[PDB]
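**Q** Take this structure first; my questions come after.
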Amino acid sequence: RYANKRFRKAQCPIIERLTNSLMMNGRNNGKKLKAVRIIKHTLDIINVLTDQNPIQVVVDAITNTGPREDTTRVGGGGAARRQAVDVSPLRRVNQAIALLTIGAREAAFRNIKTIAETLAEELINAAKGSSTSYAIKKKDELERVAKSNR
Amino acid sequence: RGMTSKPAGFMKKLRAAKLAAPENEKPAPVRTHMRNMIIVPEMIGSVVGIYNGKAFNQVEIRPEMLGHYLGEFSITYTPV
Amino acid sequence: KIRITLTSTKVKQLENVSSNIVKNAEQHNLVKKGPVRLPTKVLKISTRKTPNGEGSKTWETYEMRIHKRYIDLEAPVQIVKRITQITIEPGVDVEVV
Amino acid sequence: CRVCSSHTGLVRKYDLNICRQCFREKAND
Amino acid sequence: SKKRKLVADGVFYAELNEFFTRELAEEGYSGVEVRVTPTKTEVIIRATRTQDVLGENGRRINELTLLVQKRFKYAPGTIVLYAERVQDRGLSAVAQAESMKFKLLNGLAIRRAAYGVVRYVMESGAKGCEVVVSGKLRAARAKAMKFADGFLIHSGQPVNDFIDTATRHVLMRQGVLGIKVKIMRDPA
Amino acid sequence: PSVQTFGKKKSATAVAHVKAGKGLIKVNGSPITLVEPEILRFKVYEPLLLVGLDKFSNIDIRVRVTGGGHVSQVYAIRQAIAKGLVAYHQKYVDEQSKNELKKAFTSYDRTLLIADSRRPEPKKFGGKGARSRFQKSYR
RNA sequence: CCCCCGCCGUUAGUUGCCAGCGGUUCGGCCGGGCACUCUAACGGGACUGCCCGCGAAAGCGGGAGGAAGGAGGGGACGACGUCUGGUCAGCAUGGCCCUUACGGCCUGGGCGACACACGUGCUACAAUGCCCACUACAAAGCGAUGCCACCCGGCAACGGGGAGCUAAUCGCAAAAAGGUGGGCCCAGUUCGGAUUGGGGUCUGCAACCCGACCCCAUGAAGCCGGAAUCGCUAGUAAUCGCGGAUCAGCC
C-alpha cells in the first residue's frame with residue numbers, strides 16, 4: 001500500500017509502541033512534542049478521574065474501537081453492492097486510533113490549553129468500562145452496516 | 001505622507017510647464033507619463049493630461065489640488 | 001609574517017605547488033609553518049549560464065569545490081628571491097598578504 | 001552583455017556573454 | 001584573478017581570440033590556450049600549418065605579435081605568442097569539422113565529404129570517429145547526415161572518453177550549415 | 001578516567017564526556033533538565049539505560065553542545081553518549097553500536113551507533129517543498 | 001565509471017576549544033594546545049557479503065550487524081524522434097514593409113482601468129488557539145557609502161551621533177515554532193484583519209493618478225466551504241521562521 005510497515009520506537013514513558021502510534025495520530029505539523037504532551041497529560045487526567053492506570057484504560061479503549069467487519073463497495077453486475085469483509089489486524093488498529101483522535105477532537109469540551117482533556121475523556125468514554133463516545137459509535141456503526149448486507 | 005524634505009517632481013513637465021509660464025500659460029494640454037511627480041503651484045491653472053497607461057486624461061489642476069500626485073487624478077482601474 | 005594563500009581546483013596541483021614554496025623559503029627566512037590544509041569549501045551556484053546577454057532563460061547548477069593552503073612564513077627575508085622565479089603549475093592561483 | 005549585448009541578464013562579474021547563455025556557451029567548450 | 005578586473009582581464013582574451021580566428025584561419029586554428037600572470041600573457045596558438053602562422057623567417061609572427069601589443073597595451077601587458085604544430089590535423093575535431101565545413105562551402109557532395117573525413121580520421125589513429133552535418137544538404141530541404149566508425153560507444157558516456165569535439169559552421173548562399181566532428185581516443 | 005564520544009546529527013555537534021560518578025548531566029552548564037526543560041523528546045540518555053543496569057547511576061556526563069537546534073542536539077548528544085559508552089567498554093555498548101547497544105540484520109533497533117545522515121533537503125524546482133509537489137485541479 | 005549529501009580514519013592545522021592548565025579589560029581576549037568542530041585531500045564502507053524462509057535460477061520476504069542498504073538521498077548524463085510546440089520582443093538572421101517618417105527627443109497619461117468569469121496564491125474562520133512577558137536551540141547567505149554595533153530624541157516608522165567590518169575575527173540577526181509564567185473563557189470574541197478617517201516617516205526632481213513603513217481610530221466577510229478538484233510514500237507531507245537574486249524605493 002502506502003509502504004512497508006515501519007516499526008515505531010516504543011514510548012519513552014511506558015515503552016509501548018501502540019502508544020507512540022496514538023501520539024503520531026495526534027501530532028500534526030510534526031509538532032511531536034506537543035503531541036506527546038497532550039497524550040501524557042491526558043494519562044494524568046485518566047489517573048485522577050479514574051483510579052485505573054492510564055495505560056490499561058487506553059488499550060481497552062482501542063479494543064472497543066476496532067471494527068471487526070467493515071463494508072467495502074464492489075461492482076457486481078448491477079449496482080455496486082457493499083460487500084462486508086473482515087478487517088486486517090493492522091487495519092483495525094489504524095482505524096481505531098484514527099477514530100479516537102477524530103472523535104476526541106469532536107468533543108465540545110475544550111480542556112487543557114490544548115486538546116488534552118478531550119483525549120482523556122474520549123479514551124475513558126471508549127473503555128467499555130464505558131463503551132460510549134463518538135469513537136465507539138463509528139465502530140459500532142460500521143459493524144452494523146456490515147452483516148446488514150450479509 | 002511627507003515623502004521627504006524636498007518634494008519630488010520630475011523635470012520633464014516642470015521644465016516644460018514653467019517655460020509656458022513666461023508666455024503665460026499654454027493652451028491645450030501637456031502630457032506626461034510622470035504621474036510620480038508631486039504638483040507645485042506653477043502647475044496651477046494648467047491642464048496636464050496624465051497617463052492611465054491606456055490613455056492620457058485631461059486634468060485641470062487647481063490650487064486645492066496642489067499637494068497631490070497627479071496620478072491621484074488619473075485612475076488606472078476602470079470598472080469596464 | 002608573510003601569509004600565503006594557495007587555492008586551486010586540484011588537490012594535487014596545490015600539494016605540489018605549496019610544497020615547493022615550503023622547501024624554497026626554508027632557505028631564506030624562518031622555518032615555515034608548514035602547509036596548513038584549511039578545509040575545502042564547495043559552492044553551489046544556480047545562475048544564468050551566460051552573463052546578461054544571450055539566453056537569459058538559461059540556468060544550470062554548478063558545484064565547484066575549491067581547496068586552500070596557507071603555509072605561513074614569518075620573519076621574511078630573501079624568501080622573496082627563492083619564491084619569485086621558482087613557481088611551476090598553472091591551475092594554481094596564489095596570492096600573498 | 002559585453003559580447004552578445006543581450007541586455008536581458010548578464011552577470012556583472014563576467015559582464016559578458018549574451019547572458020547566462022553565452023556564459024554557459026563559452027563555459028561549455 | 002582580481003575581483004575588480006577579472007572580467008576586464010577576460011574581455012581581452014576574447015579580443016585576442018577574435019583576431020586570431022579571423023587571421024589564422026588559413027593556418028588551421030585548433031585551440032588558443034591563454035595562461036597568465038602579470039603583464040605577460042601566454043597565448044599559445046595551436047596550428048596545423050605552423051608555417052602559415054610564422055611567416056618567412058618569422059616575419060609574420062612579428063606583425064601579429066606586434067598587433068597583439070596594440071590591443072594589449074602596457075595595461076594589458078605585453079604578451080608572447082607561442083605556436084605549436086598540431087600533430088596530425090586528422091585528430092583535431094575542430095580541424096576535421098572545419099575541413100568538412102569548407103568542402104561543403106565548395107558545394108561538394110556532403111555525404112561523401114563526411115565519409116571521407118571519417119575515413120581520414122579513422123585512417124590515422126583514432127579508436128572511433130563520427131561526423132554530423134546539419135541541414136539544407138545540397139541546398140535541399142533541411143536534412144541531417146551522419147557517418148561514424150569505431151567505438152564512439154564507450155564515448156558519449158562521460159566516463160573518461162577523451163573525445164575531442166568540434167563544430168564548424170559554413171556560411172552559404174543557401175544558408176548556414178553546422179558541422180560536428182567527434183573523435184574518440186584512448187580513454188583515461 | 002574519562003571517556004569520549006562526539007556525535008553529530010542534522011547540523012549539531014555534541015561533546016560527550018563520561019566519567020564514573022553520580023549520573024548527573026551538565027549540558028552547556030545548565031542541568032540536563034535545565035537546557036532541555038519541557039522536552040518529552042530528550043531521550044539522549046537512552047543509550048545509557050540500554051546498557052543493562054542503566055548506566056547513569058554509575059556514570060556522569062559533561063557535555064558541550066553547539067550547532068543546530070535543541071532537537072538536533074538531543075540526537076547528537078544521544079549519539080555521543082552511545083559512542084563514548086563503547087570506548088569505555090566494548091562489552092557494555094552492545095546491538096545499535098557493539099553486541100546489544102551495536103547492530104542488527106536490518107531494522108535498526110535503536111541504532112544509536114549510527115549517525116543520521118538526514119539533512120534538510122534541497123528544494124527541487126517544479127516542487128514547492130523539495131518533495132512536496134503542487135496538486136492538480138480540474139483547471 | 002564523474003559530482004554534492006549520509007558514517008569512520010590518515011595527513012594539515014592562524015577554523016576550532018580550558019576539551020586541559022595559568023592569567024583576564026573573563027570578548028576564546030592572553031600564553032599555550034591540536035584534541036574537538038571545522039577546512040580540503042586522500043583512504044575505508046554496502047556486495048543481498050552473513051543468518052532463516054521460498055525458488056530451478058534470477059530474485060522475493062524476514063532478521064543481525066551498521067551512519068547507511070538491497071538503485072541510501074539529490075545531480076551531470078534527457079536517446080532516434082514527436083508536437084508545422086514556443087520565442088523574429090534578448091540576441092542572431094532570409095524575405096516584406098516604413099523612411100519628415102511604422103524613425104527620434106520630451107512632458108503628461110496608460111501598462112494599476114471594471115458589471116463580471118477563471119487560474120495560482122496569502123490571511124483566516126480559532127482554545128492542539130490568540131495576546132503580553134520571560135527564557136532556549138539553526139542553516140545558508142549578503143555588506144563602500146554598504147551592513148549598521150552602541151548612545152541619544154521619538155509610542156513608533158525613523159532621525160542625530162558614532163565604533164568596528166574591508167567581513168570564519170565587525171554588522172544584517174530577532175530565528176520562529178518551542179519551554180516557563182499570566183491574561184482571554186467559547187463570544188464573531190483579547191478570533192479575524194478587509195475597509196475607511198486622521199497623523200506621520202522614508203526613498204526619490206517628483207509618490208493625485210500609482211510606493212512601502214509607523215501610530216490612533218475604524219474593525220468588514222469569514223463559525224471550515226456545492227458540483228467538482230490538486231499535492232505528497234520520510235526527514236516526505238504538514239507546520240515554523242531565516243537568507244538571496246532583481247533592487248533608490250516597492251506593491
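One is the number of the first residue shown, and numbering goes on along the chain from there.
Just so it is clear, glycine is given a Cβ too, placed from its N, Cα and C backbone atoms.
What Swiss-Prot records for F:130-139 is compositional bias 'Basic residues'. The feature ubiquitin cross-link is assigned by Swiss-Prot to F:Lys26, F:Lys43, F:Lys55, with a large-scale study or a structure entry given as support. Taken from Swiss-Prot, the feature phosphoserine applies to F:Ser30, F:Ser57, F:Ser72, supported by a large-scale study or a structure entry. Annotation comment: Swiss-Prot describes F:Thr66 as phosphothreonine. Taken from Swiss-Prot, the feature region 'Disordered' covers F:119-139.
For the listed features, I'd like the structural context: burial, neighbours, distances.
**A** Long-range neighbours of the compositional bias 'Basic residues' (F:130-139) within the same chain, counting only residues 6 or more positions beyond its ends whose Cβ lies under 8 Å from a Cβ of the stretch, are 121-124.
When Cβ atoms from all protein chains are considered, those within 10 Å of F:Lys26 (ubiquitin cross-link) total 16, not counting its own.
Its own atom aside, the Cβ of F:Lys43 (ubiquitin cross-link) has 15 Cβ atoms within 10 angstroms in the protein chains shown. Secondary structure at F:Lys43 (ubiquitin cross-link), taken from DSSP and collapsed to helix, strand or coil, is coil.
In this structure, F:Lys55 (ubiquitin cross-link) belongs to neither helix nor strand by DSSP; it is coil. When other Cβ atoms within 10 Å of the Cβ of F:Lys55 (ubiquitin cross-link) are tallied across all protein chains shown, the result is 22.
Residues near F:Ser30 (phosphoserine) in space but far in sequence (CB under 8 A, at least 6 apart, same chain): none are found. According to DSSP, F:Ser30 (phosphoserine) is assigned to a strand segment.
Using a 10 Å radius centred on the Cβ of F:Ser57 (phosphoserine) and all shown protein chains, the other Cβ atoms total 11.
Neighbour density for F:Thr66 (phosphothreonine): within 10 A of its CB lie 11 other CB atoms from the protein chains shown. In the three-state DSSP reading, F:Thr66 (phosphothreonine) counts as strand.
In this structure, F:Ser72 (phosphoserine) is part of a helix by DSSP. For F:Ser72 (phosphoserine), the same-chain residues lying six or more positions away in sequence with a CB closer than 8 A to its CB are F:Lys9, F:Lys10, F:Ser11, F:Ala12.
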**Q** List the Cα distance (Å, whole number) between F:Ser57 (phosphoserine) and F:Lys26 (ubiquitin cross-link).
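**A** Answer for this pair: 15 Å between alpha carbons.
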**Q** Work through the recorded positions one by one (F:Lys26, F:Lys43, F:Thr66) and name whichever has its CA nearest to the CA of F:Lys55 (ubiquitin cross-link).
**A** F:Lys43
**Q** What does the structure give for the C-alpha distance between F:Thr66 (phosphothreonine) and F:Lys26 (ubiquitin cross-link)? Integer Å is fine.
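**A** One finds 14 Å between the Cα atoms of these residues.
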**Q** How many Å separate the Cα atoms of F:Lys43 (ubiquitin cross-link) and F:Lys26 (ubiquitin cross-link)?
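**A** With the alpha carbons as reference points, the distance is 15 Å.
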